[PDB]
Amino acid sequence: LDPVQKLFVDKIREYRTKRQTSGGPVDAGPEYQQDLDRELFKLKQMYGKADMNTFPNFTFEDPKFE
Amino acid sequence: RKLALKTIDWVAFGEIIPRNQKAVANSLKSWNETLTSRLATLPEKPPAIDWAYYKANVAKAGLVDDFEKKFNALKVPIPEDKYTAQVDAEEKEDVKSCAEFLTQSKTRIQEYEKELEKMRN
């Protein structure tokens, strides 16, 4: 409704204020950040072990002279 | 892909093993078959990433785009020979085989046949 779009406005306002700022997450404090870190570790194992932000190097192979 | 038949070979191979490698070939045959079936299976090349979706919608695009450039520039070599003057010791072994046996044996057979004439009787 339109008296219920009066509430919808309210939320839209808070979203921008946060996004162009942050306090933790604006409304979240350390608590968010801490939770992430618990999920973030387990995902490394699911996703590999390193190179997550940096291109993988490679190596090349050899033989036996016969 | 990598191999082929030359002559008559995977069957015609295994049975026949020049004494100077003879023993080796028995073991080598079975190794080869392992390589054969394996190679045929593998993928040959993957896809090559849809950048459009990832660049737009992974909006850390400073990171993504830099890694992109490094990947797109990224050059690749080939594997390594090691064992292919065997290929050429082949033409040598092929001399040994024909002329070195061909010739001496042809002269031998020459005598066996000339002696065949009289022993018709």
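Values quoted throughout were computed directly from the atomic coordinates according to the rules given, and no laboratory measurement underlies them. Cβ sites come from the backbone with ideal geometry, for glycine too, and all protein chains shown count toward neighbours.
Can you list the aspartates and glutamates whose alpha carbon is less than 14 Å from that of B:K70, not counting same-chain residues fewer than 8 positions off? In chain and number order, the partners are A:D51. Three principal axis extents describe the C-alpha atoms of the stretch A:1-48; from largest down they are 50, 23, 17 Å. Across all directions, the average flat footprint of the convex hull enclosing the Cα atoms of chain B is 13.2 nm². Shown here for chain A: chymotrypsin sites (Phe, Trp or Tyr not before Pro) in loop regions (DSSP other than H, G, I, E, B) with at most 12 other Cβ atoms within 10 Å, namely A:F58, A:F60, A:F65.
For chain B, the mean residue ellipticity at 222 nm estimated from helices alone is -20500 deg cm²/dmol, where every DSSP H run of n ≥ 4 contributes -39500 (n - 2.57) and the total is divided by all residues, rounded to the nearest 500. Taking chain B as a Gaussian network of alpha-carbon nodes connected by springs under 10 Å, the highest mean-square fluctuation of the residues B:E33, B:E100, B:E80 belongs to B:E80. Checking the Cα-Cα distances for A:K11/A:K44; B:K29/B:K114; A:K49/B:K55; A:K64/B:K6; A:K6/B:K60 against a 32 Å cut-off, the pairs over it are A:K11/A:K44; B:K29/B:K114; A:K6/B:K60. In this simple spin-label model, placing a label point 7 Å from the Cα along the Cα-to-Cβ direction at both A:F58 and B:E93 gives a separation of 3.2 nm.
So if the hydrodynamic radius of the protein assembly as shown is defined as the Kirkwood radius over C-alpha pairs, what does Stokes-Einstein give as its diffusion coefficient at 4 °C and 1.567 mPa s, in µm² per second? In µm²/s, the coefficient is 50. Taking other C-beta atoms within 10 angstrom as a stand-in for reagent exposure, B:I17, B:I78, B:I49 fall in the order B:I78, B:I49, B:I17, fewest first. Among A:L7, A:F41, B:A4, whose Cα projects farthest towards the positive end of the dipole of the protein assembly as shown, with charges put on the beta-carbon of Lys, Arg (+1) and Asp, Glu (-1)? It is A:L7.
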